[PDB]
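Take a look at this one chain, the form solved without the ligand, written out in structure tokens.
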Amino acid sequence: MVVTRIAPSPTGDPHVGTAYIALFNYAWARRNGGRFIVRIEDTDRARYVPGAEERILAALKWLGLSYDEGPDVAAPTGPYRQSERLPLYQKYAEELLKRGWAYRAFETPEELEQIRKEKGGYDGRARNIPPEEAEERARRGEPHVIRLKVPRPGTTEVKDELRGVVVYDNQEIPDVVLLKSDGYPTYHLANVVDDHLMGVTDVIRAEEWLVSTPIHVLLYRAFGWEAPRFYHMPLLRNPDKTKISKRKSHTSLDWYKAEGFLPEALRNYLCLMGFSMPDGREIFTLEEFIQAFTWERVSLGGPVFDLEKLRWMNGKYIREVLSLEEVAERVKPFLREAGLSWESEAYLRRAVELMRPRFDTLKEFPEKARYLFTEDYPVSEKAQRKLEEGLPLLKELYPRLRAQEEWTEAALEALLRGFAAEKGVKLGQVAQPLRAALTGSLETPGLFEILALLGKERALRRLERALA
């Protein structure tokens, strides 16, 4: 009964990093009939940001990674919020004591600060305080911590499902705090009780934890509870590598959703972060991934999160996967948002189809195809420049357009070809200025499709504005 989790901390912005750890957790589950749990790691009250939790859960739902147990909904396995599970930590911290696997240490932080400068760190000196003594002190309410009572003269072996087994001398492993004076678990205490209680069976986490496993492993043993399987994930970087960073990479999922990145494409791209499809395919998320899914094809090289690649992928979703009615529906929110509108659903679809080739994000739509939805669009300096070199020609041309009835590309083309032909001028000297005058651009899709589309009176009205 594979059971996986993600345990993000409501200390900010939905991280791309969490989408990433979460997808391999979501995949492994589903790929096994199992469950995918969600636990909020909200104890670092210093770090806590109010709506951060809310935006986290939303985003995973946004990529379409649903969970069967989480906060917003509780479930069998009681609390799904560390800060609400508080008592459950004193009690194991205690049980762990009532068994000599842990101990109290009363050194002030100042005191601790000096052992350090002298022994490289904590020499576990409080371990020589008669147990019952240590308890007296506790009673009196003497501030102490609960440390791990690592069997010092022994050995520890940890196995990572992707990196293999490692042997540890217990000297390498330190007497870590489990409980602070205020009595708040350290990651080590919490992760193990929670994992245990919530029944997670496979731990898929940030590589960053690799090192501390020997400790997690000792704890499972300290409680004499079965160790789960550990999967330490390769970790995200930038092109010209470096553990990804806010400065030097956008790491907010909300940013992605706002810039018009499609959920599916982001998702399809996190998949490619270490993991190759047998058949070399870089397109089809979820369903097809969570079946190809095998630890066998997961890379350990710290995958590069290239945005240029993502937009390449996003553009592919726009033009070779989604259908014209689907795209045309997703661009709506951005039109609104840009203060636009379309006179019919037909137009909207004829604008999206002519533009498809030219935008890789839903957000770039209202920007590039502006002139198609408002009579008030921007004129580049080059367009204007051009509209002037050809001004006399549009002057001459307006009356012919004014007469035109059949406003078809076909008609329109023949007319313009006529006029160039009749004026001792190549179509281009009629074409650019017109284009400049119509769309304010000078770089655009099919000029006749662009003249036709708007219809007569949009064209005409915009033609005078430029002349008159």
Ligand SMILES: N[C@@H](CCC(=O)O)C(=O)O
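From 1 onward, residues are counted along the sequence shown.
Comparing the deposited coordinates for 274 to 282 and 189 to 197, the stretch with the larger average C-alpha B-factor is 274 to 282. Of the two segments, 41 to 49 and 416 to 424, the one listed with the higher mean B-factor is 41 to 49 (C-alpha atoms only). The PDB entry gives the largest Cα B-factor of the residues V352, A134, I204, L322 to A134.
Across the options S212, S344, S181, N170, the residue with the most elevated CA B-factor in the record is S181. The deposited CA B-factor of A459 belongs to the highest third of values across its chain. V3: CA B factor in the middle third of modelled residues in this chain (values from the PDB entry).
When the CA B factors of the chain's modelled residues are split into thirds, the value for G17 lands in the lowest one.
The deposited CA B-factor of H216 belongs to the lowest third of values across its chain.
Among the modelled residues of the chain, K382 sits in the middle third by CA temperature factor in this PDB entry.
The same protein also exists as the form deposited with the ligand bound; that form is not shown, yet it is the one meant from here on.
This chain is displayed alone, yet in the bound PDB entry one of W312, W209, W295, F106 has a heavy atom within 4.5 Å of the ligand; that residue is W209. The partner is absent here, but in the bound PDB entry a heavy atom of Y187, alone among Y187, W342, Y398, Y184, sits within 4.5 Å of the ligand.
Taking the partner from elsewhere, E41 is found to have a heavy atom lying within 4.5 Å of the ligand in the bound PDB entry.
The closest non-hydrogen atom of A466 lies beyond 4.5 Å of the ligand in the bound PDB entry. Contact check for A7: a heavy atom falls within 4.5 Å of the ligand in the bound PDB entry. The shortest heavy atom separation between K386 and the ligand in the bound PDB entry exceeds 4.5 Å. Picking from 85 to 93, 201 to 209, 318 to 326, 356 to 364 the stretch near the ligand in the bound PDB entry, with a 4.5 Å limit on heavy atoms, gives 201 to 209.
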